[PDB]
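Worksheet for the structure shown next.
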């Protein structure tokens, strides 16, 4: 969604009226031209799609992508040699664990989660004029079983279990609000920024107020605030204009009602359970104090 | 004549699966009525508009302000709402295809209601645990049960007469006269109950049903808001839908039927969830409606999200009860200063107990189910261990049923001893899953390896004084890895073998054979 | 005392509980409406934009008359939006209005949290028996899924549960045997079971306190239409009385009926008696098979 994270690959061209030239020309946007603008900047692509300036950011992202795919490959090798529990004991002979690997159909879950489409079609190629699809690395999210086993085997073994439960539901909250932030800015890019007053842009006037620059940090910070106000159903955001914005805000508010109702219900139960022994002691003392009062 | 002699003695069995799929068909027809009768009453352009919108227009070529029919650029950014003038045929010359589509679906769901009335007329009531399938008894029990009034109010065809735009009477149609089809709610409630008892994904069906309840409630409040916005008059004040609302029709937004339903659905979503980011009311009847609607939204959405929070709390209830047991044991071993190796042995036992998760789930089956079905469950699960056990292959069959209802599971650690040389024998063991080893007292050298299905510990609980150990165990027994054991006690086996003397003579003779071996 | 002695004696208790908390809601919002208009009169109407008056512009908009009905209707709407903490009212201006709105919003948070908690509990309790039945069915369906029980036993168990919810007169004796005294439990056991106590051959000829002491110790077992109650070689530990259902005695393998034991018929009383003159003793004399469902 926020495709300026790898470098912008398209220079912003604001319309500008220099008084010395006495002409209204399109030049590249500085930070004073993104502050208090009358229209959104038009983007024109670089001929190399930004690779001559932002190769250090792109090789940082490529290095972390290769590091987590090597972590996925070593996890696939440990899946290939995993000792299954047969009769209460693990099996440590190689032919039995590879045969029980190939019979259990774990290799399809390990194989869909390692298709390297992201190294081919996930980066800005200038020769094809391919802008890159980073969403083709969504196949790495199919390995959720190892994460669920790590969270289960952490909170059975942890000496502070309620602190880990609170940290895990806070991480669930931040990941849900982040995915709704990228969903809001994908719809705000798809409709067109600055076209109406619900979409991010210059017409929103909560997104870009007086003396506020339009940067990538402003885009993520306003989209995170919009999803925080929508998913907690405070709703102090601009009301929708077009019908597809009404459909998205209605679906997002009902999803926010349902899943934040269950999430805060879990947080209220988890902080009710941090002093459950004191409350059960207090119910026994309330019963005995009421009995000795009435008799 | 074949369908006449078939229908002369047809009687429906309500317990069958074909009747349950018929209740799904009646649920589909009921959901059609429950949405589209109030959508057709309020949003009456769903059947064709039957009144052309006449916007006031100033053409600069004519230099005159005339009333012409509204195009989509004249409903976009308007200064006043369009006045409606009726067609002479009430739109039947243009919108007969939409009206015959609605007439065809209305006739299809009324034929579904008629076939459901015929199955009500021939429904087999349960008399003595059996259904009745003779025709005179089920029609007499139909006419005595007063089901015919509920079936008869729900089939009055007022909608085919006064529910459509008739041009000769200049009758604009009352689609709300098809609200009598909503009295058949018992078949829908039986379909939802008999679906979520029989479904293998019950919590997904519960979540889908409360999402459908949410959408039907917000849709009925959407049609209620647009009925009050039509009744007050659209565009007359800033709470009502119209041009003065400025959230309903902003800059460059056309006023269509989709805009009316989409804004009314958004208004009821913000009112019933009590976010309230809608225009504040102006007239007093709008204040009364918004106050009543907000209090109804507080109450029924509080109970609905309470149900959704309980239903997604119950999707992981076993993990939370396991975590309360682990929290109690971890708090106990923290405060009593238990050493580290017993604590890692206990949490490794709990990691094993959640990893296999086929250990201890017998409690609700032993609570609510009858003993014949509990015995049949004990046959069908445990059959691979009941087929190998040396006493269980040679007994009376009711004796092995009475013994297999009294077994229990004990999970054992890989270092744990099951018996030592000098423990008193009070339990007989059957290895359900796991590997066992007999060893020396201090030498620790194996003699035999007791595999799965092997039975031991039955002579150490027998009371024959010819065996010199008596109640003492004959050998050291150590589990190799983790071990589930079918554990038969001394007392329950001695009761069941007291009730059967001939198998007691057989096991006593096997005691003589193991004494002379 | 009138509300307590109404909802103990009412045949619709949950409807009375819902009507009483709706009356509590309306009386609380009415008293906060009169509290808001007393402070709006005391400060002075139309002096600022939080107070009722002409400067409020939600209270008196364009073409809205200031009447007594407008005063009560706007004050009731203001307290409905404050006590439910929607808060779409004008923000306060003077400091005493800030103190009143802060105190009123915190009172609204606390007492409407407990009131809607009571309403959520009261409409959760209107279908508590169906949810407890569904927890038992969820446990049994999860157990038969994980143990790989075959399909015909699973459809027999869910058909038994469909019958157990369809008649719903099977097992509801637990709270009566808990809290009620044994004289009233005995009188309930007389008044319900009288059509089966009038036919039973031991129960027509005994001492009356003996039949009371026996009828407190009975129990219900529901039987499937294929199920056998006794076979030829089971040890007799139970005496049966057919409360509702049809029974049949059959051969060992020939499966031909001899008599049809109807409702009210008593059997299984000689097989538990310890007289050695009967050659079977504890063994059952005949095969007994239920025809349909059988209590």
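Chains as they are written, first to last, in the deposited numbering: chain B, 144 to 438; chain A, 103 to 619; chain D, 292 to 586. Backbone N, C-alpha and C define an ideal beta-carbon position, used for all residues, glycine too.
Problem set entry | Bounding residues of the alpha helix (DSSP H) (the contiguous stretch that carries residue 433/B) | 419–437
Exercise. Can you list, in chain order, the residues of its chain whose CB lies under 8 angstroms from that of residue 396/D, leaving out five sequence neighbours each side?
Worked result: 373, 376, 378
For this session: For the segment 365–387 of chain A, enumerate the residues whose C-beta is nearer than 9 angstroms to any C-beta of chain B, in chain order.
Result: 365, 367, 368, 371, 372, 375, 376, 377, 378, 379, 380
Problem set entry | Three-state secondary structure assigned by DSSP to residue 293/A | helix
Problem set entry | Counted within 10 angstroms of its Cβ, other Cβ atoms place residue 571/D as buried (16 or more) or exposed | exposed
Exercise. Using a C-beta to C-beta distance shorter than 7 angstroms, which residues of chain A count as neighbours of residue 583/D?
Worked result: 230, 231, 232
Problem set entry | residue 156/A (DSSP reduced to helix, strand or coil) | strand
Exercise. What in chain B is Cβ-close to residue 414/A, meaning under 7 angstroms?
Worked result: 405
For this session: Please decide whether residue 315/B counts as near chain A, where near means a Cβ-Cβ distance under 8 angstroms.
Result: no
Problem set entry | Own chain, CB closer than 8 angstroms to residue 241/B, minus 5 neighbours either side, in chain order | 223, 224
Problem set entry | Cβ separation of residue 535/D and residue 246/A, assumed to be a contact under 8 angstroms, to the nearest whole Å | So it is not a contact: roughly 20 angstroms between Cβ atoms.
Exercise. Any Cβ of chain B within less than 8 angstroms of the Cβ of residue 532/A?
Worked result: no
For this session: Kindly confirm or deny that the segment 173–189 of chain B and the segment 378–392 of chain B touch, where touching means at least three C-beta pairs closer than 8 angstroms.
Result: no
Exercise. So is residue 397/A in contact with chain D if we call contact Cβ pairs under 8 angstroms?
Worked result: yes
Problem set entry | Interfacial residues, the segment 536–551 of chain D to chain A, with Cβ spacing under 9 angstroms | 536, 537
Problem set entry | 8 angstroms Cβ cutoff, residue 449/A in contact with chain B | yes
Problem set entry | Among 365/B, 352/B, 371/B, 355/B, the one whose alpha carbon lies nearest that of residue 316/B | 371/B
Exercise. What residues from chain D crowd round residue 304/A, counting only those whose CB sits closer than 8 angstroms?
Worked result: 425, 428, 429, 432
For this session: Determine which residues share a DSSP beta bridge with residue 166/A and list them.
Result: 161/A
For this session: Note down, one range per segment and in chain order, each beta strand (DSSP E) of at least 3 residues found wholly within the segment 525–597 of chain A.
Result: 529–535, 538–541, 578–581, 585–591
Problem set entry | CB contact below 8 angstroms: residue 327/B versus chain A | no
Problem set entry | Residues of the segment 103–118 of chain A whose Cβ lies closer than 8 angstroms to any Cβ of chain D, in chain order | 117
Exercise. What residues from chain A crowd round residue 357/D, counting only those whose CB sits closer than 8 angstroms?
Worked result: The contacting residues do not exist; residue 357/D stays about 12 angstroms from chain A at best.
For this session: Put residue 148/B into one of helix, strand or coil per three-state DSSP.
Result: strand
Exercise. Under three-state DSSP, which class holds residue 443/D?
Worked result: helix
For this session: Enumerate in chain order the residues of its own chain whose CB-to-CB distance from residue 447/D is below 7 angstroms, with the five nearest sequence positions on each side excluded.
Result: 515
Exercise. Does the beta carbon of residue 555/A sit closer than 8 angstroms to a beta carbon anywhere in chain B?
Worked result: no
Problem set entry | CB of residue 321/A within 8 angstroms of CB of residue 137/A, strictly | yes
Problem set entry | chain A contact for residue 221/B (CB, 8 angstroms cutoff) | no
Exercise. Where do the ends of the alpha helix (DSSP H) carrying residue 108/A lie?
Worked result: 104–109
Exercise. Under 8 angstroms between the Cβ atoms of residue 589/A and residue 510/A?
Worked result: yes
Problem set entry | N- and C-terminal bounds of the alpha helix (DSSP H) containing residue 56/A | Nothing can be reported for residue 56/A, as the shown portion of chain A is limited to 103 through 619.
Exercise. What residue from 531/A, 558/A, 532/A, 525/A has the CA that sits closest to residue 543/A's CA?
Worked result: 525/A
Problem set entry | 6 angstroms CB neighbourhood of residue 494/A in its chain, flanking five on each side removed | 488, 502
For this session: Could you tell me the distance, in whole angstroms, from the CA atom of residue 585/A to the CA atom of residue 391/B?
Result: 54 angstroms
Exercise. If we ignore side chains and look at the alpha-carbon of each, how far apart do residue 537/A and residue 450/A end up?
Worked result: 18 angstroms
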